[PDB]
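K.L.:
First the structure, then my questions, so here it is.
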Amino acid sequence: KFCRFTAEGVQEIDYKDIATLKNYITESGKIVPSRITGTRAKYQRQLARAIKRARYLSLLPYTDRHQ
Amino acid sequence: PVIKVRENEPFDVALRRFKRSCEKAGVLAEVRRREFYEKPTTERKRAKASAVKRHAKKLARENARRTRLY
Amino acid sequence: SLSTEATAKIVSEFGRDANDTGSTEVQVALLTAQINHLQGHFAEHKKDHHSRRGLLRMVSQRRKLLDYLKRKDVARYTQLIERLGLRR
Amino acid sequence: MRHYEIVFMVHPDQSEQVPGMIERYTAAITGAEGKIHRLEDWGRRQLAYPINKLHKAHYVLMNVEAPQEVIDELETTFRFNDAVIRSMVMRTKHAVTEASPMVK
Amino acid sequence: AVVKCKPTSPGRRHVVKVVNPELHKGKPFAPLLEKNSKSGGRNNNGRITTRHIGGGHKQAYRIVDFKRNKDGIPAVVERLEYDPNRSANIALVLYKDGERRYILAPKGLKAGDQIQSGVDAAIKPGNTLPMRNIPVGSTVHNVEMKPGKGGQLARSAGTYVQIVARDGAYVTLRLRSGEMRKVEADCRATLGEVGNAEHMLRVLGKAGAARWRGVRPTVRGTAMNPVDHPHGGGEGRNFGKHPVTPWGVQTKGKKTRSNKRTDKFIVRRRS
Amino acid sequence: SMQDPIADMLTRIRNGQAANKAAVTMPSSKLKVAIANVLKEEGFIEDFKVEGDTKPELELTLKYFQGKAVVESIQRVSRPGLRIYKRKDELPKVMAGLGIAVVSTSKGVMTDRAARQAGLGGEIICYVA
RNA sequence: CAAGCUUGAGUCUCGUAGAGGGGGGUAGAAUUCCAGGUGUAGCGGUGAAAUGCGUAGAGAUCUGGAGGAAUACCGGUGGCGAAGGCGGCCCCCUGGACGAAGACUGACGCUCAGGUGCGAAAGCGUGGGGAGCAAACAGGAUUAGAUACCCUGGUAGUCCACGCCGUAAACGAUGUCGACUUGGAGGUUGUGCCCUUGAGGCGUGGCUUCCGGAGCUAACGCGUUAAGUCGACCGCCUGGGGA
Ligand SMILES: [Mg+2]
Ligand SMILES: [Mg+2]
Ligand SMILES: [Mg+2]
Ligand SMILES: [Mg+2]
Ligand SMILES: [Mg+2]
Ligand SMILES: [Mg+2]
Ligand SMILES: [Mg+2]
Ligand SMILES: [Mg+2]
Ligand SMILES: [Mg+2]
Ligand SMILES: [Mg+2]
Ligand SMILES: [Mg+2]
């Protein structure tokens, strides 16, 4: 597709956003690869960091099952 | 993945949905590579061998459009 | 990596017009300041060899600049030596 | 000096001392000469995965322009505190005062 | 730091001397010093209860505080001194009121530091407050067995105890031997490890360095006589019996623990 | 590090002839202009010109005869590190008179044949055939 | 030898990307153990079985706790680094690299025997730790024989700190630096301009990937990052064994 971050001019990605960030994680808690998302390599490396921050702060689960 | 089946849903379609979810998650396909230890040397060799074929296919796709009508 | 204020102070102190910013006196002064700052850093992290190559390069560049200044006109070489406490 | 984006999740039961601890942290920052930026409380959001056998904590976020000494002071206070569950501290390129996506 | 010397003589060839430039190069504190009389392994009946003890060098005793009952009053540390009655060093501590005491020196301590004790002390190496207030996972030293008794656990040169649980009124600890034990929560402990962590690196070099410490040479039962030791006897280097003590008790393997009063505190035997 | 400007000039002109270029612009020099004068006099090149006030640039025009380049082989002789000095008797002859063996001496840098005619030796600069 | 210049080299100013290096913390999956609750005759493994684990409760599940390693997806002929090599996240110090527009010293530049430093893994010494894997070793299996490939255990070691060696197919089998030489299709990173209504359009630097012209080569093949033509320097080669 196209990089929506560049389309909307989103300079930085913050982990605090969840409603517009859940679209980049699969139902199993795995990150949607770039070949499927249609995202540039500049923003994929920032999306991964934001998702990791959210996982650390219990904003996005690592996987569907935890306990 | 949670595949809790609701009412008025056949077991056949429920099991097919569960199988499709497992396939898209790729959990079954990960054991065939996590069942043994791959050396970093072997992993890098496999990665380049897969990368070489992956654009060789596209190179041939873009090169076969010049001749060989059928 | 000296701070902007630290670099500006060295430029003002050593450059004649306060705008030279790159002669064989101000450059050597900045190199000496960086080496002295990194002395304690390496004395703490004695096993930072990757960051040590930059310090070695700075030492080599400073040695080349000092040799060039001595070959060109050795009065500012001597003045810079005692100003910076250069061993040689 | 440097800008940080501290956030922490505290226990849900003893969540009445959150204003007191926030006031104490702000007083410490001001005594350490730190220009406190935005400070928000997200309430008690249910945790995605439970931490220490509890499924919901209380989120507190604050951007602070304070020296690294008092930042380490705050980190140690978070580590030694018993009510707080987790604490995230990260450096920021520049001072940010815009509202968080949670409060929209 | 460990310093090895040149082989100028047999005895200096194989000796290293662990030194410390921060130790007080002078005299100890007289008001806190007492008399230490050596027994040489003799008891009130005159018999030799413990062998390989005698001689050595004259030593004094320094009153080291282990209870740490000064609550609410901070104190500073003046200097470190070598204690011949133990393997670690002793820190001289001066309180706000004017008291002077000897404390076990933590690893992270130096002249000019400040420490306190009580239920409101900060968590830094050198302080002392109850294990109930001490957070779980802490590595402490000079741990008590009973509330207010003093201190008996992890008082050597390089020993430390690790807290792992706070179940109710009791807490669980791993000692240096690898043993889990339960202690009262109201007991006190000093944060951090001990100062002289490299005491074991020393080597004596000669029998003279051991005679200086005062341990007599050990004679071998196989070299003794049958009457003197069970292993003695024979027309040469011979042995036809299991290794046993001079009193018949088996040495290698046979456990000799019979205390059943404190079996409720031993979470797991050392291994 | 550019340690030989004459070799750079020879390489540039040889590559231009191979690639069938029209003009080869380069940073010029006094010796470069002196060599270009000899090339124009001998007809191996078509034209040379120095255009520049602060940084003079020589823009030589390549000469082609029926497709084949006029210059067959350009070779540096007295490269920096191996200097060649031959007297009048032992002055070189390139391609039995069909090529030039340019010689630099006291009376400027005219050519090998002119050096022999004047009776003075010198140092060999370039073999052009 | 002297007096000048910036085009070589270097500095400052604003920005950018990165698993670059060192030190300390924290989250999670999973494996292995410890104890308890359900739980009954099998479990594990292989081409086939067996050594091995089980009614002394094995395998399965749940609960609570202990310990070590690295961080599933991201993840790519993606990125960095002189080379070796680096991958959760955060904090502190710091090296290196690239870009618009500038200002500045003025050949201060390249190579370099002898020397210095770094340098995969394996190995050695001391002090720790050790979950999993796994030389040596034991047992089982195959084979005429198997001191091995198949299996169950299993120590050193692989994990940490401080020390020693400078060994690899340490490879791009292609030494370091400067200039020139048709083109096409990309990846990554920055900047300039035009109406940016959509990664619309035209340019412009650094790194990197695949074809491919001249040319070169014994040929495979290199081919603007050349193995095309030259310049400066170092190291190495002179039949195969012996070695
Ligand atoms: Mg003995
Ligand atoms: Mg007897
Ligand atoms: Mg005999
Ligand atoms: Mg005898
Ligand atoms: Mg016998
Ligand atoms: Mg190793
Ligand atoms: Mg095996
Ligand atoms: Mg066998
Ligand atoms: Mg080689
Ligand atoms: Mg070099
Ligand atoms: Mg090609």
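Quick note: the coordinates plus some simple rules give every number you see, no bench work behind them. As a convention, Cβ positions derive from the backbone with ideal geometry for all residues, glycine included, and neighbour counts pool all protein chains shown.
K.L.:
Counting just the residues of the stretch A:25-49 that are hydroxyl-bearing (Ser, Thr, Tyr) and under 19 Å from residue D:48 (Cα atoms), which one comes out nearest to the other protein chains (Cβ to nearest Cβ)?
P.N.:
The extreme case among them is A:28.
K.L.:
Being more than 9 Å from RNA strand G (Cβ to nearest atom) and without any contact (Cβ under 8 Å) to a residue 24 or more places away in the chain is the requirement here; does residue A:19 meet it?
P.N.:
yes
K.L.:
How do the pairs read when you match residues in the stretch A:46-60 that are at positive phi with residues anywhere that are crowded, with 17+ Cβ neighbours inside 10 Å and hydrophobic (A, V, I, L, M, F, W, C), using Cβ under 9 Å and keeping only pairs 6 or more apart or on different chains?
P.N.:
Filtered contacts from the stretch A:46-60: A:58/D:9; A:58/D:47; A:58/D:48; A:58/D:57.
K.L.:
Still on this model: Which one of these does residue E:261 not meet: (1) surrounded by 13 or more Cβ atoms within 10 Å (Cβ to Cβ); (2) more than 16 Å from ligand 4 (Cβ to nearest atom)?
P.N.:
Failing condition for residue E:261: (1).
K.L.:
Something else now. Which ones in the stretch E:238-271 are small (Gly, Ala, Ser) and within 16 Å of ligand 3 (Cβ to nearest atom)?
P.N.:
Listed by number, the list holds a single entry, E:240.
K.L.:
Something else about it: If you take the residues in the stretch E:128-167 that are more than 19 Å from the chain's Cα centre (by Cα), among the small types (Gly, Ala, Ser) and away from chain D (no Cβ under 14 Å), which one is surrounded by the most Cβ atoms within 10 Å (Cβ to Cβ)?
P.N.:
By that ranking, first place goes to E:165.
K.L.:
Hey, can you tell me all the residues within the stretch D:77-90 that are in contact with a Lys or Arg (Cβ under 9 Å, 6 or more places away or on another chain) and within 13 Å of chain A (Cβ to nearest Cβ)?
P.N.:
If the condition is that a residue be in contact with a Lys or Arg (Cβ under 9 Å, 6 or more places away or on another chain) and within 13 Å of chain A (Cβ to nearest Cβ), then D:87, D:88, D:90 are the ones that fit.
K.L.:
Based on what the data block shows, is residue F:26 loosely packed, with under 14 Cβ neighbours inside 10 Å and more than 16 Å from ligand 2 (Cβ to nearest atom)?
P.N.:
It is false that residue F:26 is loosely packed, with under 14 Cβ neighbours inside 10 Å and more than 16 Å from ligand 2 (Cβ to nearest atom).
K.L.:
Let me ask something else about it. Just one of (1) more than 10 Å from chain D (Cβ to nearest Cβ); (2) free of Cβ contacts under 8 Å to residues at least 40 places away in the same chain trips up residue A:3, so point out which.
P.N.:
(2) is the only condition that residue A:3 fails.
One line per residue, one yes/no per condition, for (1) among the aliphatic types (A, V, I, L, M); (2) within 16 Å of ligand 4 (Cβ to nearest atom):
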| residue | (1), (2) |
| --- | --- |
| E:171 | yes, no |
| E:182 | no, no |
| E:191 | yes, no |
| E:217 | no, no |
| E:225 | no, yes |
| E:234 | no, yes |
| E:249 | yes, no |
| E:267 | yes, no |
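K.L.:
Please tell me if residue E:191 is within 14 Å of chain D (Cβ to nearest Cβ) and away from ligand 3 (no atom under 16 Å from the Cβ).
P.N.:
yes
K.L.:
For residues in the stretch E:206-237 being among the small types (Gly, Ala, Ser) and surrounded by 15 or more Cβ atoms within 10 Å (Cβ to Cβ), which is nearest to ligand 3 (Cβ to nearest atom)?
P.N.:
Checked the stretch E:206-237; the qualifying residue nearest to ligand 3 (Cβ to nearest atom) is E:233.
K.L.:
Return the residues of the stretch D:1-37 that are free of Cβ contacts under 8 Å to residues at least 60 places away in the same chain and within 14 Å of another protein chain (Cβ to nearest Cβ); say none if nothing qualifies.
P.N.:
Once the filter is applied, which keeps residues that are free of Cβ contacts under 8 Å to residues at least 60 places away in the same chain and within 14 Å of another protein chain (Cβ to nearest Cβ), the stretch D:1-37 yields only D:12.
K.L.:
Here is a list: A:22, A:52, A:16. Which entry is within 13 Å of another protein chain (Cβ to nearest Cβ) and crowded, with 16+ Cβ neighbours inside 10 Å?
P.N.:
Criteria check complete, one pass: A:16.
K.L.:
Can you find a residue that is of a type in the set (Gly, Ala, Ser), within 16 Å of RNA strand G (Cβ to nearest atom) and touching a strand residue (DSSP E or B) at 6+ places or on another chain (Cβ under 8 Å) anywhere in the stretch E:172-189?
P.N.:
no
K.L.:
Can you pull out the residues in the stretch E:105-124 that are more than 14 Å from every other protein chain (Cβ to nearest Cβ) and touching a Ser or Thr at 6+ places or on another chain (Cβ under 9 Å)?
P.N.:
E:106, E:115, E:116, E:117, E:118
K.L.:
How about the stretch F:1-46: which of its residues are under 16 Å from residue F:128 (Cα atoms) and of a type in the set (D, E, K, R)?
P.N.:
The answer is F:8, F:12, F:14, F:32, F:40, F:41, F:42, F:46.
K.L.:
I'd like to verify a number: residues in the stretch F:62-117 that are on the phi < 0 side of the Ramachandran plot and either touching a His at 6+ places or on another chain (Cβ under 8 Å) or hydrophobic (A, V, I, L, M, F, W, C) (or both), how many?
P.N.:
20
K.L.:
Assess whether residue E:203 counts as being surrounded by 12 or more Cβ atoms within 10 Å (Cβ to Cβ) and within 16 Å of RNA strand G (Cβ to nearest atom).
P.N.:
Yes: the conditions hold for residue E:203.
K.L.:
Being away from ligand 3 (no atom under 16 Å from the Cβ), of a type in the set (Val, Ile, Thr) and more than 26 Å from residue B:27 (Cα to Cα) is the requirement here; does residue A:32 meet it?
P.N.:
no
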